[PDB]
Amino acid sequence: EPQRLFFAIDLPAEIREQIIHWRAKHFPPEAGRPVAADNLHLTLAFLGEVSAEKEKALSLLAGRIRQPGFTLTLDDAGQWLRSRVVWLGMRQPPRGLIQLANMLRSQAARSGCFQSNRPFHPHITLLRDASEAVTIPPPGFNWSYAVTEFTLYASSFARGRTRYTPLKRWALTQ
């Protein structure tokens, strides 16, 4: 059956907990719709609706990826008014993050995946449906962790929440 899929990098439990606390402190409920703590992630490549045959092809392509791990330090926060999101990010993302995304984006495009032809802006979405031009505080201190793997996720909606289901993970070769 066709599953809406995407590749993502996840955050350690402690940092996610620090983020939702920082968010609740600086952003009122009317600033946007809050992303659940377990849904905090950094999307590497969106694939759109993809079937089992093509999912299997894309997984194989992901398995041939050979790339060392890298460190993410979240020193940047902002707001995209047109896309209507409040985001967390990195001013100077490591080349590894850029390399990994580009490797995965070019693999989906050569498999026949829906294309946006938009630049890759590594970010972690905190608020959705943000309309008003609120004010963005700097992120918390020392939101920095080592990236050890990336995951292929399935997107679904179950009883009033958005749910991401992990399917497969690939480690980065250190």
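What we label the rigid core is the largest C-alpha set whose atoms superpose within 1.5 Å from one form to the other. Position 1 is the first residue in the sequence shown; the rest follow in order.
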So if we fit everything on the core, which stretch drifts more in 6 other deposited structures of this protein, 15-23 or 160-168, C-alphas only? 160-168
Establish whether the other compared PDB entries of this protein leave residue 110 unmodelled at least a third of the time. yes
Mean Cα B-factor comparison, 130-138 or 26-34, giving the higher one as deposited: 130-138
On average, are the C-alpha B-factors higher in 119-127 or in 139-147? 119-127
Based on the PDB record, which member of 61, 45, 42, 50 exhibits the highest Cα temperature factor? 61
Cα B factor band for residue 16 (lowest, middle or highest third within the chain): lowest
Could you place residue 154 in the lowest, middle or highest third of its chain by Cα temperature factor, using the values in the record? middle
